[PDB]
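Student: Take this structure first; my questions come after.
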DNA sequence: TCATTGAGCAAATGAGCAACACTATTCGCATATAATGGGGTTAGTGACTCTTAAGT
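Quick look at the structure:
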């Protein structure tokens, strides 16, 4: 299930490119979020995979670029 | 008899600790229609040397 939606990870992380982080770091952290979405996925709500996986991939990419992008790190609640 | 030396002492202030109670920070977790392969250089170098590789 994980190695069939990596194209979804590169499709999400295509837009977060020039935000202070490398392109390969983004899709790596998106893969971490994709694994966390695979482990907690429920099929009985009719949705296929993508509407549940997109939120977790976007969350992992945003929490990656909110912390590991600057030296003087501001937490996400303060920013 | 009194100034001088040797020793100490109560007290005031500066530093700090120990345990406890309130509170502002910080981090783990969740978002359910569908979303399914990227930008970005270097472009009018010169000369020389070392290694690898096809050609003889």
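In our numbering, the protein residues as written are 20 to 98. Built from N, CA and C at the ideal position, the CB exists for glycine as well.
1) Rounded to the nearest angstrom, what separates residue 80 and residue 45 at their Cα positions?
2) Closer than 7 Å by C-beta to residue 31: which residues in its own chain qualify, once you throw out the five before and the five after it? Chain order, please.
3) Helix, strand or coil, according to DSSP, for residue 38 in the structure here?
4) From which residue to which residue does the alpha helix (DSSP H) around residue 78 run?
5) Just to confirm the assignment, what range does the alpha helix (DSSP H) spanning residue 28 have?
Tutor: Per the coordinate set shown:
1) Their Cα atoms are separated by approximately 6 Å.
2) Excluding positions up to five away in sequence, the list reads 49, 73, 76, 77, 80.
3) The three-state reading of DSSP puts residue 38 in coil, since its state is none of H, G, I, E or B.
4) First-last of the alpha helix (DSSP H) with residue 78: 69-84.
5) Start and end: 25-31.
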